[PDB]
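All Cβ positions, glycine included, derive from the backbone under ideal geometry; neighbour counts span all protein chains shown. Every number in this text was worked out from the coordinates using simple rules, so none of it is lab data.
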Ligand SMILES: C[C@@H]1O[C@@H](O[C@H]2C[C@@H](O)[C@]3(CO)[C@H]4[C@H](O)C[C@]5(C)[C@@H](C6=CC(=O)OC6)CC[C@]5(O)[C@@H]4CC[C@]3(O)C2)[C@H](O)[C@H](OC(=O)c2c3ccccc3cc3ccccc23)[C@H]1O
Ligand SMILES: *[C@@H]1O[C@H](CO)[C@@H](O[C@@H]2O[C@H](CO)[C@@H](O)[C@H](O)[C@H]2NC(C)=O)[C@H](O)[C@H]1NC(C)=O
Ligand SMILES: CC(C)CCC[C@@H](C)[C@H]1CC[C@H]2[C@@H]3CC=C4C[C@@H](O)CC[C@]4(C)[C@H]3CC[C@]12C
Ligand SMILES: CC(C)CCC[C@@H](C)[C@H]1CC[C@H]2[C@@H]3CC=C4C[C@@H](O)CC[C@]4(C)[C@H]3CC[C@]12C
Ligand SMILES: CC(C)CCC[C@@H](C)[C@H]1CC[C@H]2[C@@H]3CC=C4C[C@@H](O)CC[C@]4(C)[C@H]3CC[C@]12C
Ligand SMILES: *[C@@H]1O[C@H](CO)[C@@H](O)[C@H](O)[C@H]1NC(C)=O
Ligand SMILES: [Mg+2]
Ligand SMILES: [Mg+2]
Ligand SMILES: [Mg+2]
């Protein structure tokens, strides 16, 4: 049915992106 | 300290004359480009969506359940004698059913006589514009017995024992699916289970359920629900002047001078509910016939 | 009537020093040889108070907490929170179950103010704590003679009028009246500023109670000799005591950075109330009642206040101040970190601040050639020439004929910073031999001394006969030193290139010109000579005389001269040059003799070569000074004696028409007059001092700079910046950091002010066109107090776009921190594009869900209704309350994300003011972290499970993130071409409007 959105997949993708972007920023600020 | 009015350098409000035209002209050009750009983006955005279908319909998954007397707080308080006390209700009911009169649905090129018995779903091809303007099945006020419009008794539904019809939220491409075998709440209200969406009203607690004496429902052929022959919806563009099904509910033995709560819950598989939205699927009303 | 007490303390002091010994003992009633009876002590100790300055006024802990709680910036947020509570009361008294939006906003603003005050208090308290860990002053008792018996009692137990004996090495307890001295040379460095130790003579010499030698002062150390004296003043009644209490009673003033912050707040409130009133009239003009219009007015003004800008500016100033503290440039005032960058006139002290306050061997004369010894503090200067035998002869005369040496604990301490007992000159000679000729410990005993003759008043000479070293066999060495003009007369032989020559006038006058050359250079010359007593005519064993002089006073062999003076600090000359490079007018304010001040000024950079004074031109023309025109002289020496008889207008005439000014013999009170004269011109002043004479000058000035170790405690407390390492270069670092943080403040402020347009505009058109709310309140809080916190902070780590140390100091009345150009950019151009991008995302989401943009006109009326659950869209579908409301919240969250998207480009463009982003480069690691953290934080605020229920920020469909991308790229491209046009066309319009 067109009245259903896989919100779990998009929500999970957003969480994964947030985690990756945050750790990458930390890598840039904690450069060695 | 606020005498920035003028100066010997021809200053007004702070700057010179030749400076105001320069700044104003730049802001006019700049803001004009900004407006044209925003409009240019919004135009391609209008080209993204289609005319026969909303690109997103998940936010309307569980259809609602509204009523004819759109009360300020879903409460119907009036006097069985004073005609002006219930004028706000009757006015809304008449304006609602004004598009359902036999004279309103007279053109046969846009209306189709479905039938006196609820039948299966009527799919009019795909949602594209390859076909012409789809037909809309008629729905006469006579189906809502004892709560009819202006036919023989423009009763106003209020001389004691009022009427409150319910309506299913019109959703495009939505195909209602009534329940089946697993019936923990499906009461024997009516035999017609397969081609009608059942809706049952009740109290809310041990008090309201006792105060509300008897409820009489009216629908297509006498079934308390919505016939499947009127769905799915094909949008306002392809189906103008569409008349969604209606179903009336009357409360005969009510406890006058007592505010009682009623919950009209619509049952079905494609009908969801929500503890945050008291209108998704179910429906509430606070009736008080104070004499 | 405290206005008169302050002036009484400002007036020069007077005394009763010029009194006969009988008159002096009559005024106080004290024996000249036995002091006073012990019972007489309790009659004065418990009468006026113990001999100690009254501790400075104490300001309790919670006072600073409330000081930062109110402030000037926190007041804007306090009034915002008050308006929030007022609007909430007006909103609660009209509707049924109300909404908690305004209450949360009010408590948030209150917490913001409290958080800023707490952070500021923590930083300032940490500064004061580490400062307390460095001022561990220990009591120093006095040697008082009472009842005819010597007794060492605490300094606080000393009273007025009791004989006190100060030994060479003891600190002068209180102000004394010398009655019997034996060559005592007190060090009046911390009080008056006289570099060379001034001798104290019991007889009255000068009318001025300071220049006179019959007065000992508080906080002064007895370099050498011994002396006796009657206590004249005690406790706060002392000279330096009155100067300290005057420093405690002066006004600090308004710092330039705080004034800029206030002007910024004034403009912020200007647009806030302007938009609130204009929109109030418009809101009423359309269809809203007075009751709703007041709510609007308050919402427009409150929403127009930058909440998160307070914490960002605070941490901004804190970060720069921390970089200052790393370089020992401690700042007690959190906002005084910028004050240096705006300074345009530095009034410095000579003794202690510019110089090291240590008599050091500067030049020497040997073999008819001046030899400049290194005068650095860390021993990093050019090394003199030491290869001839005359150097060894001079080194022997200096290292041998010297009264004393170093002390006990002075073993691990460096050769320069170690204490030495004796005169200031002998200590210099000792250090020079210990640094250039090996050691003096084994060199003095190796030449056993037999008969030594100390300095004399009549027939002034200082000589000593020693024994002979390793086999050479001359058997005797008679060394002598003294005034060059006196030692030259009693000399016949002259050492040159190793051999001896006669006293021929040819090479004899070569010594006279060297003496006048070293004297005119501002140094103290001393002649040294020696003679080998022939052991064939004078016995090799015991043959000496002391009453009827036997050693030949004449026919000695002259070796050379040895000049000395307190040299300037290592980095002082380069620092003065760097300050003059940026356009800072260097003015010397000291209390030393003009003879030394002019030389030090010419040596550090305050007086360059070529510029002549009113006296130098007259001497060059052999004409009286009253004939030359003062306009012909670029520099001038201002005598303190002539400044006392000067008015307020004449001082301005001296400061305007003269670039290089040197104020000599200026009392501590006159320094304040000079500072006020410099402030009358409207320029920012900075005073750098070390002694107690600089306390009122370092207090009244916009910023005081004290020496961590070479600065007295009084002036160290009255100042605003402490130099722990005494590195005068810290001044250069401070001015650089001040201007750097000023520019970064402009950038950070513009970044926070740009976000206000896409923040208020949704609520504005929400009322204008009656469309559903495009942006919520919670989201705005997640923007100003959320994402944008790190970008505004990282904008403080930005670095110079050009050579900041090359431009002139900013004008306080011309170059404003937040001018109208910044507002024209944020509220006018950039913010407008950000708002357009937000509205684009709004319509994109609503139209894709079935609510086309056209249909949104006038839909708010039934959109906010909690009971109309049949709202029809553009397709004919009916939406319930929670359904369309979920769409509204899932339309608010992407608006916040849209703000982040446009903030990317806003941060990149605000990172540079004139240069291109590629010319500067995004090397700011903190800025890149800010972009990644801001993006991740927003993504978390939207995709976290339970956000649609806690903050009502539902997840976003991925295709929404790309809605604001073209707008951000446009912001970047537009501002990039803007700065490029300002770079290639630094003319008018593109520079007078955009450039902020
Ligand atoms: C025009 C109004 O529009 C709507 O509200 C808007 C305006 C305002 O009321 C807001 C309340 O805080 C404003 C606020 O003012 C400004 C803010 C704090 C401002 C900011 C400043 C800042 O620093 O950051 C952000 C931006 C917007 C803001 O964040 C809030 C957001 C929430 C608002 O609720 C939004 C309502 O429909 C309102 O109606 C009713 O409230 C209403 C009734 C009123 C009277 C009597 C009977 C009623 C019965 C009702 C029954 C059921 C439902 C409503 C009833 C309209 O009057
Ligand atoms: C429709 O209206 C009629 C009135 O003409 C209703 O008649 C009811 O008849 C029953 C049986 O005698 C009585 O108990 C009720 O009191 C009557 N109602 C009224 C309002 O008078 C009739 O029941 C109504 N409903 C239907 C389904 O016909
Ligand atoms: C200098 C500029 C171009 C940097 C642009 C950064 C782009 C490439 C990054 C920044 C944030 C990112 C988005 C972060 C959040 C989401 C939601 C998620 O459910 C799918 C991925 C998606 C849609 C990401 C796509 C890539 C993205 C848009
Ligand atoms: C919905 C839309 C039309 C409202 C947006 C507000 C616009 C029109 C307002 C907001 C702030 C305003 C600007 C504020 C600052 C400046 C700089 C000043 O020296 C001249 C006026 C000028 C250039 C204003 C022009 C009008 C302006 C840009
Ligand atoms: C001369 C050139 C640069 C102008 C071309 C205009 C471009 C940059 C504009 C025109 C219409 C815009 C698009 C309109 C529709 C959509 C779909 C939506 O779900 C995300 C935004 C997105 C993808 C927009 C991105 C930017 C866009 C493609
Ligand atoms: C209401 O009337 C009906 C009539 O059939 C009766 O059965 C019922 O018990 C009554 N209820 C109350 C609460 O009066
Ligand atoms: Mg804000
Ligand atoms: Mg000094
Ligand atoms: Mg100060």
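On a 0 to 90 degree scale, rounded to 10, what angle separates helix C:38-48 from the longest Cα axis of chain C?
For C:38-48 against chain C, the angle is about 30 degrees.
What whole-number distance in Å separates the alpha-carbon centres of the range C:423-460 and the range C:70-145?
Rounded to whole Å, the Cα centres lie 63 Å apart.
What is the mean number of Cβ atoms from other protein chains located within 10 Å of the Cβ atom of each residue in peptide C:824-833, rounded to a whole number? Please report the intermediate quantities before stating the final value.
Values: counts 3, 0, 0, 0, 5, 5, 0, 0, 4, 4.
So the per-residue partner count for this stretch is 2.
Considering Cα pairs under 8 angstrom that are at least six residues apart, work out the relative contact order of chain C and quote it in whole percent. Display every interim value, and only then the final one.
Values: 1831 pairs, mean separation 113.9, N = 996.
The normalised contact order for chain C reaches 11 percent.
Rounded to the nearest whole Å³, what is the per residue volume of the convex hull around the Cα atoms of chain B? Walk me through the intermediate numbers first.
Values: hull volume 73.1 nm³, N = 291.
Given the Cα convex hull of chain B, per-residue volume reads 251 Å³.
For the range C:360-565, calculate the relative contact order in percent as a whole number, restricting contacts to Cα pairs under 8 Å that are 6 or more residues apart.
Values: 353 pairs, mean separation 53.6, N = 206.
This gives 26 percent for the range C:360-565.
What is the average number of partner chain Cβ atoms found within 10 Å of a Cβ in C:926-937?
5
Test of understanding: ordering C:14, C:707 by Cβ neighbours within 10 Å, fewest first, what list do you get?
Values: C:14 9, C:707 27.
Arranged by neighbour count, lowest to highest, C:14, C:707 become C:14, C:707.
Determine the shape class of the range C:360-565: with a ≥ b ≥ c the square roots of the Cα gyration tensor eigenvalues, call it rounded for a/c under 1.5, and otherwise prolate if a/b is greater than b/c, oblate otherwise. Could the numbers behind the result be given before it?
Working: a/c = 1.60, a/b = 1.18, b/c = 1.36.
Note, shape of the range C:360-565 comes out oblate.
Please compute the average number of Cβ atoms from other chains found within 10 Å of each residue's Cβ in peptide B:43-55. The partial results should precede the final answer.
Numbers: counts 0, 0, 9, 5, 0, 4, 8, 1, 2, 1, 3, 11, 7.
Across B:43-55, the average partner-chain Cβ count within 10 Å equals 4.
Kirkwood Rh and Cα-based Rg: tell me the resulting Rg over Rh for the range C:13-131, rounded to two decimals.
On the way: Rg = 30.8 Å, Rh = 20.8 Å.
With Rh from the inverse mean 1/r over Cα pairs, Rg/Rh is 1.48.
Taking chain C as the reference, fit the longest principal axis to its C-alpha atoms, fit the long axis of helix C:925-943 to the helix C-alpha atoms, and give the angle between the two in degrees, 0 to 90, nearest 10.
Approximately 30 degrees, to the nearest ten.
Take peptides C:589-599, C:379-389 and line them up by average Cβ neighbours within 10 Å, highest first, as a rough protection proxy. It would help to have the intermediate numbers written out before the result.
On the way: C:589-599: 23.3, C:379-389: 12.3.
Final packing ranking: C:589-599, C:379-389.
Count the DSSP beta bridges whose two residues both fall in the protein assembly as shown, then state the antiparallel fraction as a percent rounded to the nearest 5.
Values: 86 of 117 bridges.
DSSP beta bridges in the protein assembly as shown are roughly 75 percent antiparallel.
How much space per residue, in cubic angstrom, does the convex hull of the C-alpha atoms of chain C take up? Let's see the in-between values first.
Numbers: hull volume 228.8 nm³, N = 996.
Given the Cα convex hull of chain C, per-residue volume reads 230 Å³.
Please determine, in degrees from 0 to 90 and to the nearest 10, the orientation of helix C:424-436 with respect to the longest principal axis defined by the Cα atoms of chain C, where the helix direction is its Cα long axis.
Helix C:424-436 sits at roughly 80 degrees to that axis.
Can you give me the C-alpha center-to-center distance between the range B:8-71 and the range C:678-713, rounded to a whole angstrom?
57 Å
Treat the count of other C-beta atoms within 10 Å as a stand-in for reagent exposure and order C:810, C:631 from fewest to most.
Details: C:810 20, C:631 8.
Listing C:810, C:631 from fewest to most nearby Cβ atoms yields C:631, C:810.
In what sequence do C:657, C:447 fall when counting other Cβ within 10 Å, fewest first? Let's see the in-between values first.
Working: C:657 12, C:447 17.
Going from sparsest to densest Cβ surroundings: C:657, C:447.
Taking the Cα centre of each part, how many Å lie between the range C:851-902 and the range C:747-761?
26 Å
Rank-order C:813-823, C:236-246, C:966-976 by packing density, defined as the average count of other C-beta atoms within 10 Å over each peptide's residues, highest first.
Values: C:813-823: 16.0, C:236-246: 22.2, C:966-976: 18.6.
Ranked by mean Cβ neighbours within 10 Å, highest first: C:236-246, C:966-976, C:813-823.
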